[PDB]
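Per the deposited numbering, the very first residue in the first sequence carries number 9; after that it's consecutive.
Beta carbons are placed, not taken as given, at the ideal position from N, Cα and C, and that holds for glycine.
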Amino acid sequence: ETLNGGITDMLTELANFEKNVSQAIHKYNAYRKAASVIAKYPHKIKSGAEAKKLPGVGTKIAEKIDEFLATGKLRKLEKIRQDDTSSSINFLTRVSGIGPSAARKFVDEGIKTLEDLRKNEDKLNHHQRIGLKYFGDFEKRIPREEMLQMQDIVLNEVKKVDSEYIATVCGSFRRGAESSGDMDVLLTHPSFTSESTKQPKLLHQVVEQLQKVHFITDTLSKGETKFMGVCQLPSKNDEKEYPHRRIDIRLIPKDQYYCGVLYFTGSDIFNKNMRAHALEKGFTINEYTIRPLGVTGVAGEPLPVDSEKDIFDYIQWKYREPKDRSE
DNA sequence: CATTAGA
DNA sequence: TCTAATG
Ligand code: NA
Ligand code: NA
Ligand SMILES: [Zn+2]
Ligand SMILES: [Zn+2]
Ligand SMILES: [Zn+2]
């Protein structure tokens, strides 16, 4: 956690680089498991050979481990870090919609900068166009203060549209968080569950309302259950317009709402921990349900959930407010 | 690990 | 159809 820190950090840098700059899923996979185990190792690694005894650590990494222990650096790391091509890919990739694949491509053609991106907006698809457009605004955290206004809006419209809608804003924001990255709204409705062969309109009506009053300003991807756009609080009385925010809305079969809400609310750690617990308690938890375990090794039969409670009850835990879902 | 664009 | 990108 701090004993194997640089080691695991160097390893991750290395890993990540294989994967993006080059396309060596293998090495890239190498560094990762390695970085994974040395991370667990409960002792201060004092040398390569010592490391080496680890599962996943072979001679290559061992060597890196030595150089790094020996001199506080690494050559390949120094080299990479400097490498303009690689720097370039790492950067382009920051545009929402630009992944490694495309990043490499552009570079190839020679678009290495944000400005390059501009004169070449033609080479870019819709998503990427929007990502380019709100590059600054997207990089910005969302102050909770704003979160409350946004939530405020979405709730009112949702409701005006149909009163049968149930929406919950998940994420860190749900957990108390001072700021958040984007708004996640989980939605479900009664007339829509596991069976009841869809009802696309259900998601669409709402998106439509939202855009209607100018909350949603762009569509990154809209399908029949997941809408991915951009929103913005009305830039009030001039002098201060708001930053364009990322928003995601998902439609859920009402019969698997709370599992989902449970899930998305996190945190990753509360999850895993909540999940690990369900197991002893003789169950299984996932993004959509909770099924009792059966001795034959496994089992199914999706238990009926009416609120975040029932799930707790099931695994017979203490209801933990979202606020304290931290781990 | 699942959903959407796109070519 | 696959393969990318977001989560
Ligand atoms: Na080994
Ligand atoms: Na990106
Ligand atoms: Zn020790
Ligand atoms: Zn989020
Ligand atoms: Zn999100």
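Check your understanding: Can you pull the DSSP bridge partners for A175?
Key -> Along the first sequence, read from residue 1 onward, the residue named residue 175 stands at position 167. DSSP lists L195 as the bridge partner or partners of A175.
**Study point:** Sequence ranges, alpha helix (DSSP H) only - wholly within the region 130-160, length at least 4
**Key:** Whole alpha helix (DSSP H) segments, 4+ residues: 134-141, 143-147.
Exercise for review: Mind checking who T292 pairs with in its DSSP beta bridge?
Suggested key: Position 284 of the first sequence, counting from 1, holds the residue named residue 292. Checking the DSSP bridge columns, you'll see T292 partnered with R299.
Point to revise | Bounding residues of the beta strand (DSSP E) (the contiguous stretch that carries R40) | key: As a first step, residue 40 is located in the first sequence; it is residue number 32 there, counting from the start. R40 -> not in any beta strand (DSSP E); alpha helix (DSSP H) instead, spanning 33-48.
Review point. How about the region 270-287 and the region 177-187: do they share at least three Cβ pairs that are nearer than 8 angstroms?
Key: The answer is yes - the region 177-187 touches the region 270-287, with three or more Cβ pairs under 8 angstroms.
Review point. With respect to the alpha helix (DSSP H) encompassing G14, which residues constitute its N-terminal and C-terminal limits?
Key: Mapped onto the first sequence, residue 14 falls at position 6. Residues 13-29.
Point to revise | Simplified DSSP state of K220, which is helix, strand or coil | key: In the first sequence, the residue the question calls residue 220 occupies position 212. Collapsing the DSSP output to three states places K220 in a helix.
Exercise for review: Indicate whether the contact test is met: 3 or more Cβ pairs, each with one atom in the region 51-65 and one in the region 105-116, closer than 8 angstroms.
Suggested key: Verdict: no, contact absent.
Review point. Which residue comes first and which comes last in the beta strand (DSSP E) that contains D124?
Key: Within the first sequence, numbered from 1, the residue matching residue 124 stands at position 116. Per DSSP, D124 lies in no beta strand (DSSP E); the unbroken alpha helix (DSSP H) holding it starts and ends at 122-127.
Practice item. Mind listing which residues have their beta carbon within less than 6 angstroms of any non-hydrogen atom of ligand 4? Chain order is fine. Key: The set of residues with CB atoms less than 6 angstroms from any heavy atom of ligand 4 reads, in chain order, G179, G189, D190, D192.
Practice item. Please classify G268: is it buried, with 16 or more other beta-carbons within 10 angstroms of its beta-carbon, or exposed? Key: For the purposes of this step, residue 268 is taken as residue 260 along the first sequence, with counting starting at 1. Residue environment: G268 is assigned as buried (16 or more neighbouring CB atoms within 10 Å of its CB, all protein chains considered).
Review point. How about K48: is its Cβ closer than 8 angstroms to a heavy atom in ligand 3?
Key: Here residue 48 refers to the residue found at position 40 when the first sequence is read from its first residue. Answer for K48: no, Cβ out of range of ligand 3.
**Study point:** DSSP three-state assignment for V238, whether helix, strand or coil
**Key:** Position 230 of the first sequence holds residue 238. The three-state reading of DSSP puts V238 in strand, counting E and B together.
Review point. Between the C-alpha atoms of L11 and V177, what's the straight-line distance to the nearest angstrom?
Key: Stepping through the first sequence from its first residue, residue 11 is reached at position 3. Stepping through the first sequence from its first residue, residue 177 is reached at position 169. The C-alpha of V177 is placed about 38 angstroms away from the C-alpha of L11.
Point to revise | 6 angstroms Cβ shell around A111 - same chain, five flanking residues per side excluded | key: Translated into the one-based positions of the first sequence, residue 111 becomes position 103. So the list reads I97, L100, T101, once near-sequence residues are dropped.
Exercise for review: On the DSSP bridge assignment, give the partners of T227 in chain order.
Suggested key: As a working note, residue 227 is residue 219 in the first sequence. Partner residues in the beta bridge of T227, as assigned by DSSP, are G237.
Check your understanding: Can you list every residue whose CB sits closer than 7 angstroms to some heavy atom of ligand 2, going in chain order?
Key -> Result: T101, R102, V103, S104, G105, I106, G107, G139.
Point to revise | Rounded straight-line distance, which links the Cα of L228 to that of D170 | key: The sequence position of residue 170 within the first sequence is 162, counting from 1. The sequence position of residue 228 within the first sequence is 220, counting from 1. Just so you know, the alpha carbons of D170 and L228 end up roughly 24 angstroms apart.
Exercise for review: Tell me whether the beta-carbon of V29 lies closer than 9 angstroms to the beta-carbon of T93.
Suggested key: One-based indexing of the first sequence puts residue 29 at position 21. One-based indexing of the first sequence puts residue 93 at position 85. Closer than 9 angstroms, so yes.
Review point. Does DSSP put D256 in a helix, in a strand, or in coil?
Key: The sequence position of residue 256 within the first sequence is 248, counting from 1. Per DSSP, reduced to three states, the secondary structure at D256 is strand.
**Study point:** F235 and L211 closer than 9 angstroms at C-beta
**Key:** Locating residue 235 in the first sequence gives position 227, where the first residue counts as 1. Locating residue 211 in the first sequence gives position 203, where the first residue counts as 1. Against a cut-off of 9 angstroms, the Cβ pair of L211 and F235 comes out as a contact.
Review point. Would the C-beta of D276 count as close to ligand 5, meaning under 8 angstroms from any of its heavy atoms?
Key: Here residue 276 refers to the residue found at position 268 of the first sequence. Checking every heavy atom of ligand 5 against the Cβ of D276, none is found closer than 8 angstroms.
Practice item. Along the alpha helix (DSSP H) that carries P108, what are the first and last residues, could you check? Key: The sequence position of residue 108 within the first sequence is 100, counting from 1. Taken as a continuous stretch (DSSP letters only), the alpha helix (DSSP H) holding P108 covers 108-117.
Check your understanding: Any heavy atom of ligand 3 closer than 8 angstroms to the Cβ of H51?
Key -> Within the first sequence, residue 51 is the residue found at index 43, counting from 1. Because some heavy atom of ligand 3 lies under 8 angstroms away, the Cβ of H51 counts as near it: yes.
Review point. Which residues mark the beginning and the end of the alpha helix (DSSP H) in which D92 is found?
Key: Indexing the first sequence from 1 puts residue 92 at position 84. Taken as a continuous stretch (DSSP letters only), the alpha helix (DSSP H) holding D92 covers 92-100.
Point to revise | Residues near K148 in its chain [Cβ-Cβ closer than 6 angstroms; skip 5 each side] | key: Here residue 148 corresponds to residue number 140 of the first sequence, with the count starting at 1. Annotation for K148: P251 place their beta carbon closer than 6 angstroms to its own, counting only its chain and skipping 5 residues before and after.
Practice item. Identify the continuous alpha helix (DSSP H) that holds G56 and give its terminal residues. Key: Walking along the first sequence from the start, residue 56 turns up at place 48. That run of the alpha helix (DSSP H) goes 56-60.
Review point. Closest to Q219 by CA distance: which of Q240, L287, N245, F200 is it?
Key: In the first sequence, residue 219 corresponds to position 211, counting from 1. Of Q240, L287, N245, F200, the residue nearest in Cα terms is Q240.
**Study point:** heavy atom of ligand 1 below 8 angstroms from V65 C-beta
**Key:** Within the first sequence, residue 65 is the residue found at index 57, counting from 1. Judged by the Cβ position, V65 qualifies as a neighbour of ligand 1 at the 8 angstroms threshold, a heavy atom of the ligand being closer than this.
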